[PDB]
Amino acid sequence: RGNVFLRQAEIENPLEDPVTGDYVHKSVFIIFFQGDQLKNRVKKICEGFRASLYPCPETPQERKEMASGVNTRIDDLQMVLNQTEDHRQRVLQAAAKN
Amino acid sequence: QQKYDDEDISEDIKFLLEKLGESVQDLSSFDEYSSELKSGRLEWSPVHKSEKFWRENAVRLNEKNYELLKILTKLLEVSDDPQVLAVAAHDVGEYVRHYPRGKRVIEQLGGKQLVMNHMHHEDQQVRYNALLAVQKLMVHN
Amino acid sequence: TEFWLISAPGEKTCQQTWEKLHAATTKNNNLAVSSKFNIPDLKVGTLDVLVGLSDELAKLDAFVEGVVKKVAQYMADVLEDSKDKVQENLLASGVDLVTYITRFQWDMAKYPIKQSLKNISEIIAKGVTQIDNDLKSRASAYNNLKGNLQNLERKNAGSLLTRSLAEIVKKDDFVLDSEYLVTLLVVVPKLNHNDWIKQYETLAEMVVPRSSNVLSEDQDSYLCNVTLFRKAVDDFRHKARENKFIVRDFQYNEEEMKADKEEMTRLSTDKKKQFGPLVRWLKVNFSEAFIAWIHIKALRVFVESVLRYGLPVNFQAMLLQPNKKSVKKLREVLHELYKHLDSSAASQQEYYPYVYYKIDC
Amino acid sequence: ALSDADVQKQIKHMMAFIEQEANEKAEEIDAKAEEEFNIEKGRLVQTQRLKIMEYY
C-alpha cells in the first residue's frame, strides 16, 4: 500500500556506474515507510534488484554541513589522484626508455 | 644456494647465517628504537621495516596518549631533513595500517595536513613518502 | 466447489445491495450466484505489527488447510461410507458444506473477539494441533488393526504347505505316545501321489510297513503321511525332496489352533466397535476444523481489507459461487467496477484493486 | 495508483492511527499507574503498620 510522500529528482550529466561502468543518467523516486519490518523487506527487495541505500537522511541539517566538509575532503582526494596518475605516467616512460 | 664439497665453507656459512640472525633479532626492540626516535637524528635502524615490529609491537608506538607519535609529529613539523621525514612518515604509515582508530587520532592531531603540506617539499622523494602516507590514510576515507 | 470472496473499500451504504444481488452491479446478469457475506467487526489495535501478524496468519492458514485436506484424505480412505468418489457430500455440523458456506454463521462466544486476533488464531492453532495428534494416534491404531488383520488373512490363504492347518489335520492323524516313530505330514502332488503310496516304506530306512495313509488335499497337492524312525526323518527328507515330495512339520493342539481364529475374529469385532466412535470423532473433527478454517479465512479477509481500505471499519464483502466459465467476463466487469477505486492506473497478478481469497473442497 | 489527494488521505489515516496508538499507550500507562500506585500504597501502609506495631 504505497501511501507515503514522493521525493523525486532527475540527475543528468551522470558518471560511470559503480557496478557496470555505465555513464547513465539517473533519477531518484523516494518513498519511505516508518514500519520497521516493512523497512527491512523494502531494503531486501531494493538491494536485491536495484538500489543504492548508503545514506541516513534526517532532519538535522548538521548532517548536510558535515557533508559539505566531506565534499572539501573529496576535493583533496581528487588532487591526490591527479598527482599519482602524473607520477605513474612518468615512471612508466622512464622504465620504457631502457 | 650453491653447494660445496668442503664442509668447512658450508659450516662457516651456516654459522654466519645463525649468528647474524641472532644479531638481527637483537636489533628488534622498541626502547632502543624509541630512544633513537627521541634523539632527533633518525638513523635507519632496520626495525623500521620489520614485520615483527609492525605486528608483535605495533601497539607500543601508542605510548601515553600516543606520546611517541606526537613526538614524531613535532619532529616532522620542526625538521624537514629527507631521511627523518621518510623514517617518521613510513613508521606512521606502518602503524596506522593496523589501527583505524589510530588513523582517526592522527587526523585529530592535524599531522595529516602537515604531511599534505610536506607533499610540496623540494625533494621529490619526500613528496613521494608523504604520498605513500596519504594513501595509507585513504582507506575508507 | 469454487467460491470467490471479494471485498471493496465500501464508500457508499447502498452497496449492501451489490453484496446481495443488485442488478446494476450483479454478476453475470443474475445468473452467477451472488450472496452477501457475513462481515464481523473486530479490533485491529496496531497497523505496524499487523503486517507480520497477517504474514504468519497466511502461513498458518496454509498449515490448517493442510490439516483439513489430510483429515479429509483419511476419511476418504476409511473405505466405508465415505470416499472422494462416493459420499463426498459430507455434513458440516449436520448441514452440507456448500449449504454451510451459503449459511455462513459467526460467533464470539467460543472465541471472544475482544481478545486480539493473534490470541484467537493461536487458540485455533492449539485446537488444530490437538485434532492433528488425535487423528494421527487413532489412525495409527486403525492401521495397526488393519495391517494385522490383513497379514492374518494372507497367512491363512494358500495351500497346506503355505497355510495354517487349524481345521485340517487332527490328533487322529498323528501317532500317539510314539516311542521312536515320527509321523511326517508328507504332502505329495498328484504328479507323484501313487509313487509315494507305493514307495512310502522304502523312502527311508526303518519305516513302518503299510503306513500309507491319506489325510487331505489342496489346489497344488494331496496331503498324506507316513510313520517312520526318528533318525530316518533326515533320510526320508534326502530321498523325498527330489521326488517332488515335501514335509509339513506341524504340531497339533486344541487351543493352539483355535486361539488364532479367536484372535482374528476378536480383532474384527473390536475393530468394529471402534470404527463406530472413530467415525463419529472423524465427523466432528472435520466439521470443527472446516468451520475453524473458514473462520480464520474470514479473519484474514477482514485483516487484509482493513490494511487495504483505511482507518474506518466500514467496507463491503460478498460471497460468489460463480457461473461456469463466466468468471472471466466477470474479471473484466469487476475490473471496470473496481479500477476507479484507485482512480489512477489499476501485470495485475495478485495485485488486484480488490481483496480476494479462494475457498474450495 | 493514487493521486496526491488519496496519498494525503492515507497519510492522514496513518496519522489518526498514530493518535489511536497514542490512546492505547496512554491507556497502558494509566493501567501501570493505577496498579503501581495501589502497590506502593499497600507497601508503605503495611511497612509502617509493622513499625508502629513493634514500638507499641
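Going down the list, the sequences are from chains A, D, F and Y.
Just so we're on the same page, the UniProt record's numbering is the position in the first sequence counted from 1, plus 198.
Just so we're on the same page, the UniProt record's numbering is the position in the second sequence counted from 1, plus 322.
Reading the third sequence from the start, the letters are residues 2 to 347, 362 to 376 in the UniProt record's numbering.
Just so we're on the same page, the UniProt record's numbering is the position in the fourth sequence counted from 1, plus 1.
A virtual CB, placed ideally from N, CA and C, is assigned to each residue, including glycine.
Local conformation of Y355/D per DSSP, three classes: Position 33 of the second sequence, counted from the start, is the residue given in the question as residue 355/D. Helix.
Proximal residues of chain A, C-beta to C-beta of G53/F below 9 Å: Your numbering for residue 53/F matches position 52 in the third sequence. The contacting residues are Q235.
Burial state of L251/A, where buried means 16 or more other Cβ atoms lie within 10 Å: For the purposes of this step, residue 251/A is taken as residue 53 along the first sequence, with counting starting at 1. Exposed: under 16 other Cβ atoms inside 10 Å.
Straight-line Cα distance separating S222/F from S212/F: Reading the third sequence from its first residue, position 211 is the one you call residue 212/F. Reading the third sequence from its first residue, position 221 is the one you call residue 222/F. The alpha-carbon atoms of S212/F and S222/F are separated by roughly 19 Å.
Cβ-Cβ separation, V222/A to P212/A (assumed contact under 8 Å), whole Å: Residue mapping note: residue 212/A aligns to position 14 of the first sequence, counting from 1. Residue mapping note: residue 222/A aligns to position 24 of the first sequence, counting from 1. Confirmed, about 6 Å.
Rounded separation between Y367/F and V69/F - CA only: Position 352 of the third sequence, counting from 1, holds the residue named residue 367/F. Position 68 of the third sequence, counting from 1, holds the residue named residue 69/F. For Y367/F and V69/F, the distance between alpha carbons rounds to 28 Å.
The stretch 108-125 of chain F contacting the stretch 221-239 of chain F, beta-carbon criterion three pairs below 8 Å: no
Whole beta strand (DSSP E) elements within the stretch 225-264 of chain F, 3-residue minimum: 225-230
Chain A residues whose Cβ lies nearer than 9 Å to that of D49/F: The residue given as residue 49/F occupies position 48 in the third sequence. Residues of chain A passing the Cβ test: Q232, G233, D234, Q235, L236.
With 16 other Cβ atoms within 10 Å as the buried cut-off, status of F246/F: By 1-based counting over the third sequence, the position of residue 246/F is 245. With 16 or more Cβ atoms within 10 Å of its Cβ, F246/F is classed as buried.
Beta-carbon spacing of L436/D, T395/D below 9 Å: Here residue 436/D is taken as the residue at index 114 of the second sequence, counted from 1. Here residue 395/D is taken as the residue at index 73 of the second sequence, counted from 1. Yes, Cβ-Cβ distance for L436/D and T395/D is below 9 Å.
Inter-residue spacing [alpha-carbon to alpha-carbon] between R286/A and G424/D: Here residue 286/A corresponds to residue number 88 of the first sequence, with the count starting at 1. Here residue 424/D corresponds to residue number 102 of the second sequence, with the count starting at 1. One C-alpha to the other measures close to 29 Å.
Check whether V129/F and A290/F have beta carbons under 9 Å apart: Here residue 129/F refers to the residue found at position 128 of the third sequence. Here residue 290/F refers to the residue found at position 289 of the third sequence. It is a contact, given that the beta carbons lie within the stated cut-off.
DSSP-derived helix/strand/coil call for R199/A: Translated into the one-based positions of the first sequence, residue 199/A becomes position 1. Annotated three-state conformation of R199/A is coil, per DSSP.
Chain Y within 9 Å of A25/F, Cβ atoms only: Indexing the third sequence from 1 puts residue 25/F at position 24. It does not: the Cβ of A25/F has no partner Cβ on chain Y nearer than 9 Å.
Member of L338/D, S332/D, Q347/D whose CA lies at the smallest distance from the CA of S372/D: Reading the second sequence from its first residue, position 50 is the one you call residue 372/D. Here the closest residue by C-alpha is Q347/D.
Where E81/F sits in the DSSP three-state scheme: Taking the first residue of the third sequence as position 1, residue 81/F is located at position 80. Under the three-state reduction of DSSP output, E81/F falls in the coil class, being neither helix nor strand.
Euclidean distance between Cα positions of residue 468/D and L364/D: Beyond the ends of chain D as shown, which are 323 and 463, falls residue 468/D; an answer cannot be given.
Under the three-state DSSP convention, the category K199/F falls into: Translated into the one-based positions of the third sequence, residue 199/F becomes position 198. Three-state result, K199/F: coil.
Buried versus exposed call for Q200/F [16 or more other C-beta atoms within 10 Å across all chains shown]: Along the third sequence, one-based indexing puts residue 200/F at 199. Buried is the call here.
Check whether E22/Y and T14/F have beta carbons under 9 Å apart: Residue 22/Y sits at position 21 when you count from the first residue of the fourth sequence. Residue 14/F sits at position 13 when you count from the first residue of the third sequence. For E22/Y and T14/F, no; Cβs fall outside 9 Å.
Proximity test, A25/F beta-carbon vs the ligand PLP heavy atom, cut-off 8 Å: As for the ligand PLP, it is missing from this structure, which has no ligand bound.
Best match in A249/A, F231/A, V268/A for proximity to residue 147/A [C-alpha to C-alpha]: Given that chain A is displayed from residue 199 to residue 296, the structure contains no residue 147/A and the question cannot be resolved.
Which of helix, strand or coil DSSP assigns to residue 1/F: Residue 1/F lies beyond the residue range present for chain F, which begins at 2 and ends at 376; the question has no answer from this structure.
9 Å Cβ cutoff, residue 58/Y in contact with chain A: Residue 58/Y is absent from the model: chain Y starts at 2 and stops at 57.
Burial state of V188/F, where buried means 16 or more other Cβ atoms lie within 10 Å: Within the third sequence, numbered from 1, the residue matching residue 188/F stands at position 187. With 16 or more other Cβ atoms within 10 Å, it is buried.
Any 3 or more C-beta pairs closer than 8 Å across the stretch 264-281 of chain F and the stretch 31-43 of chain F: no
Whether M265/F touches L185/F by CB criterion (9 Å): As a working note, residue 265/F is residue 264 in the third sequence. As a working note, residue 185/F is residue 184 in the third sequence. Contact: no.
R238/F versus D196/F - alpha carbon distance: For the purposes of this step, residue 238/F is identified with residue 237 of the third sequence, where counting begins at 1. For the purposes of this step, residue 196/F is identified with residue 195 of the third sequence, where counting begins at 1. About 15 Å.
9 Å Cβ cutoff met for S327/F and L32/F: Along the third sequence, one-based indexing puts residue 327/F at 326. Along the third sequence, one-based indexing puts residue 32/F at 31. Yes, these two residues count as a Cβ contact at 9 Å.
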